[PDB]
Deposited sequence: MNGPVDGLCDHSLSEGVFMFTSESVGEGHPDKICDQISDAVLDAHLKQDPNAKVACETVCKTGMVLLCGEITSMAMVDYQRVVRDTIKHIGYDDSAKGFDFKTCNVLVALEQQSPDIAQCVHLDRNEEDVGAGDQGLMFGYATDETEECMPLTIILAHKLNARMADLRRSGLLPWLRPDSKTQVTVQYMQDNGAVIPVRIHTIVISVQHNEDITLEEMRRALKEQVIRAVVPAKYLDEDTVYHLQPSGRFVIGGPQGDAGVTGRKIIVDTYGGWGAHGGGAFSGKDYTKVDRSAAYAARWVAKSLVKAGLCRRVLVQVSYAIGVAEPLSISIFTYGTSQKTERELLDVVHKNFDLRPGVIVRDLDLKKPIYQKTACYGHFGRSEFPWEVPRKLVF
């Protein structure tokens, strides 16, 4: 069985991603001063205008204009947009103010996914898509490709072989890249650079061949942004499943974030321990109940051990009550801005990406 699979990633300059990142920059700014901060921050933007909405309970003193403007500058708008001159409108309302046995705040359903097909225990499609966009960002920021601007979209299609439930990447079928740019640069120059400096640098040569299709700046030369609208890009690029919960601008008290991270942590640990090549972990929560209602492990036929055996391993090695997760994954730390682009999963610098040694 040969199939093709496509995942997408968007650049830091994509308006939906501007909002995710700004929202998590505000979350971090509070956590730097007050780890017990509660933060629900929704960003909206529309060309020359950024609007922060939501609710905050915190003892931190956060200079919101500085945070937002610093984040816009960091993204690279200094292009249709500028940190020195854009309208930042801060609407959010800051009020002032068991432990491990506090019940879930929502009736949550979350999936965790891992695959052995990459070092990062992630689908090749989504990793390559995120890395291509990061490569462009690196080349733009360093001044090496000065014509690059921060908005971009990349799609990578990988042609796969099935292997009794596992999936083997065989070749790159198609890569699509569009990126915003300055005027003094040709179509041919941009395409040459994208092929040579971005794609060749990111994609293992063994996957590239003479039939790989390249759509580079496909519509020749180059809307509203909101927080929490790039949920497939943020997670597994179409692989596994998604319960619907967005991440950015939600603090650790939101099971949609904290338990999604933990679900990933479990799945990644199961693959790393050699108990399966591929796994979908499904964990459901009841409002006001600490203990999850259920945990389901699906190995796609790639485990010697049974589901129930794996479940017993999960119980022995993990405590997925929200309060314990926050502790074990150190989730009151100001680390969320970094998660808001290039995917929340696959990057080893996050604690949910450091596999737990399993005793079984």
| property | result |
| --- | --- |
| Deposited-sequence ranges lacking C-alpha coordinates, in sequence order | 1-15, 94-96, 116-125, 251-257 |
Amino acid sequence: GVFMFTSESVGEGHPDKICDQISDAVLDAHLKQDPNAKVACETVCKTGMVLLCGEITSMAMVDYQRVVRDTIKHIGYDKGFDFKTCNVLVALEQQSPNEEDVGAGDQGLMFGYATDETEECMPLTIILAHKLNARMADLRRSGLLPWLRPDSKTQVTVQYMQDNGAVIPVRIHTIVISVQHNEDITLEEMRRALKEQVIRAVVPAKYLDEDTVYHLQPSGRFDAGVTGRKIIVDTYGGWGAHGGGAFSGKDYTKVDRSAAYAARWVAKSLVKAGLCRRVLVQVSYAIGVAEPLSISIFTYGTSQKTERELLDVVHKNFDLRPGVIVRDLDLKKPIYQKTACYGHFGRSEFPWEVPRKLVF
From here on, numbers count along this sequence of modelled residues.
{"property": "Stretch exceeding the other in mean C-alpha B-factor - 129-137, 191-199", "result": "191-199"}
{"property": "Between the two ranges 174-182 and 88-96, the one averaging a larger CA B factor in the entry", "result": "88-96"}
{"property": "From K333, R321, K305, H30, residue of greatest CA B-factor", "result": "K305"}
{"property": "Out of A40, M61, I297, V313, residue topping the C-alpha B-factor column of the entry", "result": "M61"}
{"property": "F360 - Cα temperature factor, lowest/middle/highest third of chain", "result": "highest"}
{"property": "Among modelled residues of the same chain, the CA temperature factor third for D20", "result": "lowest"}
{"property": "CA B-factor ranking of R347, expressed as a third of its chain", "result": "highest"}
{"property": "Chain-wide C-alpha B factor ranking for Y77, given as lowest, middle or highest third", "result": "highest"}
{"property": "Where the record places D163 (Cα B-factor, split into thirds across the chain)", "result": "highest"}
